[PDB]
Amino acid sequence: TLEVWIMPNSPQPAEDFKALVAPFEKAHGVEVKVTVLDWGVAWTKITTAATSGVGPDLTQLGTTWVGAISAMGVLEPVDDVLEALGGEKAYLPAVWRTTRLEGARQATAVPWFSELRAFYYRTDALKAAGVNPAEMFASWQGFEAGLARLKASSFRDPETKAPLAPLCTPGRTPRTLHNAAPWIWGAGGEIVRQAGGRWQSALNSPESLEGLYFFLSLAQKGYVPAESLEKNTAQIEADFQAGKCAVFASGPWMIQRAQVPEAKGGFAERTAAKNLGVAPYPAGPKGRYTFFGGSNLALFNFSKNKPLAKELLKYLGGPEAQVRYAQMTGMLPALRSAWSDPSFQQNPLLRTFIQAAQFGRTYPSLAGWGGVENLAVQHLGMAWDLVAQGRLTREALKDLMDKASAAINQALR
């Protein structure tokens, strides 16, 4: 029996995973046993397995975790699998770079599925506000003027019978910079930069502060209600679904969720699901970026089932499994060839995610990435708390990212 650990990638994820692997099981005369870890906990259990030598054969990883787990020395080389799937050629570079610890000789993860972030919008709220989405999502200035028109609008969701918040974004200490990265990048900033053979914080670069301040100050100007500042990602998701928000940033999953009854983990019933639009991040002063992520699969080098686990990695990474699991999850395949399936191309909301991928940007794949993102989100949490007071100024934000930067630079030395 092979053991795979996965995250909750679909409404019934163990059952979707098991339907996905049934033909591998039949062709190999083997049973796969799946365990589903919540995203909130999956980090700790995966790190405990890596530290103790007790764990599955395969584990899903966040693309941004592959570096740290690889540096713990517990991942089996999978260059052989990536070759059987078509090698570097078979992947966007953004995806290809997630297959290894930055600068390591050997690949240690197999790309499974991709996700990137774009804005969902209420077509009804924007039509009623008189906002042309092409203009609002073209530029930072067009975005700010579309929120202003959304704030002034008479519109009220027909279910809630109240106004929509123009923008909903969470102010709770985030787990990651996924929401914030597009604004840092669009200003010409970065989280860390490589120069003179070392990585250092760029979160206190004037470009980073411009981007971050522009994002956080929207909330300060009235385009994000005080209630949103008190919420985490999952709560903002729920708020868009329940008709409280006209615009918010998420992954492609919400498209397949909008086509699924409430009773099945969806909101097809709700207005928002009937009035659903997608648009890319607006271009910033120094170009157009969005966070590009997903999950890879890794094999623990203490696995007793390496040969079969490798066949399972080639099965899951290959074209048929890639198409099939992207359809159940609402994600994108990791494999470029699999994007051509009509199931992705003739879905007009998903087609927008596909166009957005041109401007997908990734984290460098560093052993210490986790430590970096954790001090950054701590300081960014304190910034959100100043926005909850009306008291985020450029000075206070610079003071917080200087402290983040000094604590990030220690971590990297």
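Quick note: we count residues from 1 along the sequence shown, nothing fancier. In this text, rigid core is short for the largest set of C-alphas that superpose within 1.5 Å between two forms.
In a rigid core superposition of the other structures in 6 other deposited structures of this protein, 69 to 77 and 243 to 251 differ in how far their CA atoms stray, and the farther one is 69 to 77.
For the pair 41 to 49 and 382 to 390, rigid core superposition yields a higher RMS C-alpha distance in 6 other deposited structures of this protein in 41 to 49. Relative to one another, 212 to 220 and 268 to 276 have unequal mean CA B-factors, and 268 to 276 is the one with the higher figure. When the C-alpha B-factors of 344 to 352 and 29 to 37 are averaged, 344 to 352 comes out higher.
Remark: of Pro182, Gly317, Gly287, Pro77, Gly287 shows the highest value [criterion: C-alpha B-factor in the PDB entry]. In this structure the maximum Cα B-factor among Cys245, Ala118, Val323, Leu308 is found at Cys245. In the PDB entry, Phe240 places in the highest third of its chain by CA B-factor. The PDB entry assigns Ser154 a C-alpha temperature factor belonging to the highest third of its chain's modelled residues. In the PDB entry, a CA B factor belonging to the highest third of its chain's modelled residues is recorded for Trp43. Looking at the C-alpha B-factors along this chain, the one for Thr99 belongs to the lowest third.
In the deposited entry, the Cα temperature factor of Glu395 places it in the highest third of its chain's modelled residues.
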